[PDB]
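The chain below stands alone and is given as structure tokens, in the form deposited in one PDB entry.
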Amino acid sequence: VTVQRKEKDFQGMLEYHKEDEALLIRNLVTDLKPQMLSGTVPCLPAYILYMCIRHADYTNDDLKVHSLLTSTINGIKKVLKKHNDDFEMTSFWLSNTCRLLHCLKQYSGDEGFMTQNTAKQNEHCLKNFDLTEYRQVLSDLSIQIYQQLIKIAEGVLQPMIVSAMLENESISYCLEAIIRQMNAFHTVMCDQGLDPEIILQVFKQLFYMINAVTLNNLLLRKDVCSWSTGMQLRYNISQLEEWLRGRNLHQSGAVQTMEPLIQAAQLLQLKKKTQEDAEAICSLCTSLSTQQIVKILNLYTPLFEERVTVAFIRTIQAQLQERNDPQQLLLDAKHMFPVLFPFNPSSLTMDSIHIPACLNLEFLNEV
């Protein structure tokens, strides 16, 4: 005469009645300030969200799945749009979106993603629903958030680059100011548990920018080309390269993206008179185009010191004629490397995760 319920211990699922879905989204996404998770594990919102999805799957409510994910995605997008300048917030949500996607793979039920699961984790996989397509959506969203992250970061650094790389003499913005800023970026991305492979690619991208912007500026300024600026320039790059080693980012590929600017700095110092000096420049400057090498030489301005002759420059143009260099003089400073998002399953267990009171999700029931 009445369908009673079976008693069992917390299984790592979260239940809400369809009426509260708006509030869930508000307290967990829209109104969630990153600093409110000061002292918890990273990406808790991702885990919470997957616990709600498990329960939707458990009850075969395919409508509650679609509504939950669709409402979350729209929530995140709405947050990232209102905070399109905010590097913390963007990084926060890139972290949670990825971890959510990691949970949907690790707990997908597809053997291929579950090779690293513990017996107790395999229990918590989805039973009824194949959410491949939602993973594809979340994957897309993450590309977008990534691109907003690079924007914000480039937007902060760009005004600092030229003054910091060339003008300031160490041997208006100093090189230190750029390092303090990148430090702050690195520290946010770390404290929010953003995948290290993504932290690497972000700094690879920022450094390609520093390369491109500084080199373009060299290629448009006659006053700034000389051996003295080549020296300061090289020292400044070597100071950036040592920063990378200090934060363990020297394998990101960042160093490699600065090769052109390094060769421009060496070009500025090299002898440039004899046939010997011309063979060397062509041997060295493999990452500078013919036009760029030629351009830096025409702009070369001594401090007692002679200028680059026309015959010298025509001797160079002849040797590099054999190689087909691009017609564009300047680099694309806004070029964006396509990112590879890894899959990083965790060892956290759904049944040991409990929501802190500071999140205001008392209306979620632990099942």
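Residue numbers run from 1 along the displayed sequence. Between two forms, the rigid core is defined as the largest C-alpha subset superposing within 1.5 Å.
Beyond the structure shown, there is the form deposited in another entry, which is absent from this document and is the topic of what follows.
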Practice prompt. Give the option from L200, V294, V224, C285 whose C-alpha shifts by 2 Å or more between the shown form and the other one; the alignment is on the rigid core.
Written response: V224
Worksheet item: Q35: CA shift of at least 2 Å between the shown form and the other one after core fit?
Response: no
Worksheet item: Once you line up the core, how about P326: does its CA shift reach 2 Å between the shown form and the other one?
Response: yes
Worksheet item: With a C-alpha distance change of 3 Å or more, do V224 and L297 lie closer or farther in that other deposited form?
Response: closer
Worksheet item: Do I316 and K222 have their C-alpha atoms closer or farther apart in that other deposited form than here, with the shift being 3 angstroms or more?
Response: farther
